[PDB]
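**Q** Sequence, then the experimental structure. Questions to follow.
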Amino acid sequence: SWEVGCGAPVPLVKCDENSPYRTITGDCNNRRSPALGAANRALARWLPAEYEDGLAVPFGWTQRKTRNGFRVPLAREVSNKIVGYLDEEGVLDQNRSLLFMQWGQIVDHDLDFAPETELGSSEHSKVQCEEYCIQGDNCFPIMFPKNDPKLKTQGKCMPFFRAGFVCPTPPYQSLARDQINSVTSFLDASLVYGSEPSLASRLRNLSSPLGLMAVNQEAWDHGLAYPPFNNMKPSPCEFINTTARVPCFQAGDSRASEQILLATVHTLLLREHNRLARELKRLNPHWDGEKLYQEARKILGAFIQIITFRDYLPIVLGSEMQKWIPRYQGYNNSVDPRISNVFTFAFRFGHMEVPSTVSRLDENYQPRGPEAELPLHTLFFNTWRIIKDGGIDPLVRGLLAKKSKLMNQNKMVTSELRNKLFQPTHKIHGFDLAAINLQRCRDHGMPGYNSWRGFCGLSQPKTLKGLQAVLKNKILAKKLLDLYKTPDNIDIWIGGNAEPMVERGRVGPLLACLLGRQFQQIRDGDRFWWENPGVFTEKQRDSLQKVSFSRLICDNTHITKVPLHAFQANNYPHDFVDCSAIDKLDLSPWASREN
Ligand code: HEM
Ligand SMILES: *[C@@H]1O[C@H](CO)[C@@H](O)[C@H](O)[C@H]1NC(C)=O
Ligand SMILES: *[C@@H]1O[C@H](CO)[C@@H](O)[C@H](O)[C@H]1NC(C)=O
Ligand SMILES: [Ca+2]
């Protein structure tokens, strides 16, 4: 009657009340409402979902149905007209390393996932969708516009399948359609350890009772670990080189192998854990397997919290930083720590920070190997270039010494993503992350640009001139009003990202507001925030305050020259210093004083 809850699946909850550890599923973080910010629950709605039929069907589903008296443009057309660009000269960010981009993706992956409906098993309908392009129940294919190069070479559509939703897939969902966040809303390193108990356990070395995360027994990197392989056929990392047959890696997050540098940063994180559990043993030889695991896990979740909040968020938000994320004042139980649906789009700003090439560098930071730099597209689901060529060390140097793409109103998303994206089970390097993002906004029943501007106490343009004034771009504004007719209809993703960057930051005001609230909320609503009184000891927190991405590299690679500030643009050797000048993590406070 009153729709107390829609979650018939995943009822299991036992809250140990005295537990000194987060759960894997993020359940029992909040006490009054223990499901808040836990994996497998619905994404939060900061505003009501806007659907065609006000329930589930996305805007753009039915031809003859309008938003506010206008038809929504095609995703791919918005992509072609606005998002795409030819010229890769000039696009690089003078003050952000490629690591800047990377960490965004890491943090994102920790926070949210809304995977597709997994409905087409023992069912051709996931291919019926693919090659026939027939708009089905959860098949929502992206149609090419009439002047599109991809029409000529690669069919009539790009395939797409709607995201999963609570109260399973087959019947009408109670009330409106809400999408699942399949990972924990907390900045908890879930991408390393998993969000379900199954993965969590399968990821660990339970054979050695020293609380280590299971590593690879088939290949090594100069005596340092790799992630174990996920042997589940088909493997898209196998698919891309059939000769190499190197499968995708296995991590606490499914998407670890989407691209080589994410797999790389996943590899650093795993290593730091092992490195932390091996030490904990020395200082505490009496600790059991799980105590070593659990106690290293909290150090790592804390590490991710510090890098993100101290180093990453200030250079994303800049001026807006303090307006949205005031300095810490302790856990508030009344905060909603759940990731909002809109955040999983706000944080796609990263898509425009991704450049068209990745480099491998040697100890001199020179082109390592003849084919040193490679097109980004050849690196989707590519694990073999880690195993068979060079390890992670040369890649990590690229992340330091190269630049992120700067976002640009005339150059938004590289073709490497716009036209050449690889998606599992779809064979071709031929897709568009931009088009996909736009279709996803609709899929998810997103309110439009102006709804979100209103929500953030910013103005809502109605005219081309209004929009021009907001975007500070006559032409961009013009192209958007030609497509969307009204700014009320501009898809949040393209609308938020169109806004010029606030001072000393990399997003506009709307995104700064959206991101800001979310990252404010996940800090304040988290009972195990590293800096929450009680989580760590005073002695521990002064040891923790010293963590640095610089250090994580030194500890977990053979790289002995790093910058002080890894997110700034840093050039070798001018801004590089030895690993001996950089603060280690002192693990002495973790020694238990027994008798
Ligand atoms: C080469 C780099 C990257 C690739 C290839 C990539 C690719 C993708 C793909 C395929 C999706 C799924 C889209 C969908 O089905 O709706 C996605 C989602 C997403 N990406 Fe990226 N991405 C990259 C970098 C980044 C960066 C740097 C960020 C953030 C700074 C980011 C943030 C996101 C977020 C927040 C989502 C939504 C995740 C969810 O809730 O499901 N990505 N990306
Ligand atoms: C596949 O990998 C082998 C090394 O394993 C390499 O020499 C070859 O270039 C790769 N082929 C393609 C098409 O990626
Ligand atoms: C806790 O959160 C609420 C709403 O989320 C906020 O208005 C209030 O100021 C906070 N209270 C404390 C004790 O900080
Ligand atoms: Ca998480």
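**A** Great, that's in hand. Numbers count the residues shown, from 1 in each chain. Ligands and ions are numbered 1, 2, ... in the order given.

**Q** how many other residues sit next to the residue lying closest to residue 415 once chain neighbours are set aside?
**A** Closest residue to residue 415 apart from its sequence neighbours, by C-beta to C-beta, 6 or more residues apart in numbering: residue 84 at 6.6 Å. All C-beta atoms are positioned from the backbone trio N, CA, C, and that covers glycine. Neighbourhood size, residue 84 [other C-beta atoms under 10 Å]: 16.

**Q** repeat for residue 68
**A** Neighbours of residue 68 under the rule other C-beta under 10 Å: 12.

**Q** does residue 5 count as helix, strand or coil?
**A** The assignment at residue 5 comes out as coil when based on DSSP: H, G, I helix; E, B strand; the rest coil.

**Q** what about it, how many residues close to it?
**A** The number of residues near residue 5, taken as other C-beta under 10 Å, comes to 13.

**Q** ok, it to residue 84 distance?
**A** For residue 5, the distance to residue 84 equals 43 Å [C-beta to C-beta, to the nearest Å].

**Q** what's the answer for residue 357, then?
**A** As judged by C-beta to C-beta, residue 357 and residue 84 stand 17 Å apart.

**Q** Which residue does the stretch 351-500 of the chain have closest to ligand 3?
**A** Residue of the stretch 351-500 of the chain nearest ligand 3, by C-beta to the nearest ligand atom: residue 455 (15.7 Å).

**Q** so who does that residue touch?
**A** Residue 455 sits next to 46-47, 447, 513 when contact means C-beta atoms under 8 Å, 6 or more residues apart in numbering.

**Q** Next: residue 239.
**A** When contacts are counted by C-beta under 8 Å, 6+ apart, residue 239 touches 381, 424, 427.

**Q** ditto for residue 394
**A** By C-beta under 8 Å, 6+ apart, the contact list for residue 394 reads 360-362, 368.

**Q** Identify the farthest-apart pair in these.
**A** Greatest spatial distance in the contacts of residue 394: 360 and 362, 7.9 Å, computed using C-beta to C-beta.

**Q** Neighbour count: these two, which is higher?
**A** Ranked by neighbour count (other C-beta under 10 Å), residue 360 and residue 362 place residue 360 first, with 23 against 14.

**Q** Hmm, the more buried one is touching residue 379, no?
**A** No: checked against C-beta atoms under 8 Å, the pair residue 360 and residue 379 is beyond contact range at 11.0 Å.

**Q** The host helix or strand of residue 469 - contacts with which helices or strands?
**A** Taking DSSP states H and E as the criterion, residue 469 maps to helix 464-471. Under the contact criterion of 3 or more C-beta pairs under 8 Å, 6 or more residues apart in numbering; DSSP states H and E, helix 464-471 touches helix 474-484.

**Q** Would you mind listing the buried residues in the helix it packs on?
**A** Neighbour-count burial for helix 474-484, with 16 or more other C-beta atoms under 10 Å as criterion, is recorded at 476-477, 480-481, 483-484.

**Q** Restricting to those residues, which residues neighbour ligand 4?
**A** Near ligand 4, taking C-beta under 5 Å from the ion as the test, no member of the buried residues of helix 474-484 is found.

**Q** any chance of those residues in JSON lines, with distance to residue 139 too?
**A** As requested, the buried residues of helix 474-484 are exported to JSON lines (distance: C-beta to C-beta, whole Å):
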{"residue": "476", "distance to residue 139": "32"}
{"residue": "477", "distance to residue 139": "34"}
{"residue": "480", "distance to residue 139": "28"}
{"residue": "481", "distance to residue 139": "31"}
{"residue": "483", "distance to residue 139": "24"}
{"residue": "484", "distance to residue 139": "25"}
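
**Q** ok, these vs residue 79, which is closest?
**A** Comparing those against residue 79 with C-beta to C-beta picks out residue 483 as the nearest, at 10.6 Å.

**Q** Pull the number of nearby residues for the closest residue to the closest one other than its chain neighbours.
**A** Residue nearest to residue 483 in three dimensions, not counting chain neighbours: residue 73, with 4.0 Å by C-beta to C-beta, 6+ apart. The number of residues packed near residue 73 is 23, by other C-beta under 10 Å.
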